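Before any questions on how it binds or moves, here is one chain, the form deposited in one PDB entry, in structure tokens.
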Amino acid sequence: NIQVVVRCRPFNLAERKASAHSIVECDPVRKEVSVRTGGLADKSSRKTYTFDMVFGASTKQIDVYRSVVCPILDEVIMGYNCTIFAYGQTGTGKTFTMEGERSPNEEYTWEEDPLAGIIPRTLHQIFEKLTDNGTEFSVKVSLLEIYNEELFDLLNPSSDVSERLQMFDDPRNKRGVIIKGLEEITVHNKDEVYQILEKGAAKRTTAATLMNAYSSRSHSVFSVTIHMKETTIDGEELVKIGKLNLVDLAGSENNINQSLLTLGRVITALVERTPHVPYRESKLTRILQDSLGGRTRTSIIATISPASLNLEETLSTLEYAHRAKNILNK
């Protein structure tokens, strides 16, 4: 039930000049990804995996958004909760996929930049879709991050990255949690989106100077909650609440990342039908337990590299993402 898609990134500039051969091949029409394990394009051994969707190196940000995000956003707009994880080794495109980047030399505006990823596209699109049809709504975003099992708020502009947040069990709705002090910022309109993201980027820079390899070891959960009051052309007012969680996971390569370790164990217990699922052994899995065998529709995007130097990690990533397909939720 949990949908898993794989995204291979293209070779970089240093890999083009070194005339690198790709050990990965994608077949989108067949939802298949094949990896060269033995060696030689003349004769070789290979490993194949089938997923729900596979995107090769030529896949652009707009292809990812239209194919995977648009339908998930529709569901969120219907009043459901959805979560999208980005899993893969550092350098394979987790952040590029979830957030995207700016094209160099101020070539475009943020809302037209083709390098934009899921988060900016999603936020710009929520306003583009609800502003049209008569729907009163409010958008709240939150950015919670985890480093060495400590919680941080990367959007609060009056607290620094040395102030960790506290987490408690929610006595109201079971298997849910309360994060003391997590700031929820209201996004009044599309033109307010970009600076919110800029502020987050800037605060992440300070977190990076204070914590070792922060961008590689931290987990980031960017949540966008949409409170809606849709009035059809008749006079029916549908009050709906939808929440989308965009999770950029810590690099999967192999000191100890308790949340990453626990995520793997939670998935293993879920697909092996084990009665006890270790949700509580890490903050990530407690915060997102409804996304792992719960009532939230979730998808995983496994990012990989086509370079032969990353063979072991690419296989580990694919193998991990393949097992995830067997998780059932809702």
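In case it trips you up, residue 1 is the first one in the sequence shown, and so on. Whichever C-alpha set is largest while still superposing within 1.5 Å between the two forms counts as the rigid core.
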Third-or-more of other entries without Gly235 = yes
Cross-entry absence of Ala302, a third or more of other PDB entries | no
How much of the deposited sequence is absent from the coordinates between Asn254 and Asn255: none, 1 to 3, 4 to 9, or 10 or more residues?
-> 10 or more
Higher-B stretch (mean Cα B-factor, as the entry records it), 32 to 40 or 262 to 270 = 32 to 40
Stretch with higher mean Cα temperature factor, 131 to 139 vs 107 to 115, is 131 to 139
Which one of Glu149, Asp153, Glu184, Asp248 shows the top CA temperature factor in the record?
-> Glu184
From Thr231, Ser215, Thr225, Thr83, can you pick the one with the highest C-alpha B factor in the entry?
-> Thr231
Is the Cα B-factor recorded for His322 in the lowest, middle or highest third of its chain?
-> middle
C-alpha B factor of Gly100, ranked within the chain: lowest, middle or highest third?
-> middle
Cα B factor band for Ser308 (lowest, middle or highest third within the chain) = middle
Would you check the entry's CA temperature factor for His276 and let me know if it's in the chain's lowest, middle or highest third?
-> highest
Please rank the C-alpha B-factors of the chain's modelled residues and tell me whether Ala14 sits in the lowest, middle or highest third.
-> highest
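The next section is about a form of this same protein that is not shown, the form deposited in another entry.
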Considering only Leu130, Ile185, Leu238, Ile241, which residue exhibits a C-alpha shift of no less than 2 Å between this form and the one not shown, with the rigid core used for superposition?
-> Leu238
Is_shifted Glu312 between this form and the one not shown (CA, 2 Å cut-off, rigid core) | no
Compare the position of the CA of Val29 between this form and the one not shown after a rigid core fit and state whether the shift reaches 2 Å.
-> no
Just checking, between this form and the one not shown and with the core aligned, does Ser44 shift 2 Å or more at the CA?
-> yes
Indicate closer or farther: the Cα atoms of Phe127 and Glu236, in the other form, relative to the displayed form, with a change of 3 Å or more.
-> farther
